[PDB]
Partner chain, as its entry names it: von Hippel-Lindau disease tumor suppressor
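The data below hold one chain only, encoded as structure tokens and taken in the form solved without the partner chain.
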């Protein structure tokens, strides 16, 4: 969870930055990572401009505090956690990183990654573990 989730977060954000033409330099595991990269693409394919509201409600800057990030992300989980919402959470972080690079605030990329790992470990792992762990995630989204 600790380092594990951190690595998962960094992998997803690096993937998204790479995929969209940006640098990722400011930074069964292999199976979890692949299932998550793919799940995110699927989500973004069928949910365009998904987080306009949220990112807009956040408009991150180098002075933004974790609490503001936490408060906004909590919105995705108004009705609790589920796999689709966890995938949205990853896509949202990816969108925030892209937005940060576009605003010439690449310094926020590693910060967003830390915030995501903290949020994942604190609010999401409880549910994930109760529902099969990442193995169940791979089982549902893998291949």
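Numbering follows the first chain given and starts at 1.
- The entry shows a gap from residue 27 to residue 28, with 10 or more unmodelled residues of the deposited sequence in between.
- Here the stretch with the larger average CA B-factor, out of 114-122 and 42-50, is 42-50.
- Higher mean CA temperature factor between 62-70 and 85-93: 62-70, per the PDB entry.
- When the modelled residues of the chain are ordered by their C-alpha B factor, residue 36 lands in the middle third.
- Per the PDB record, residue ranking by Cα B-factor puts residue 98 in the lowest third of the chain.
Separately, the form solved in complex with the partner chain exists; it is not shown, and the next lines address it.
- Looking at the partner chain in the deposited bound form, residues 50, 78 and 82 each place a heavy atom within 4.5 Å of it.
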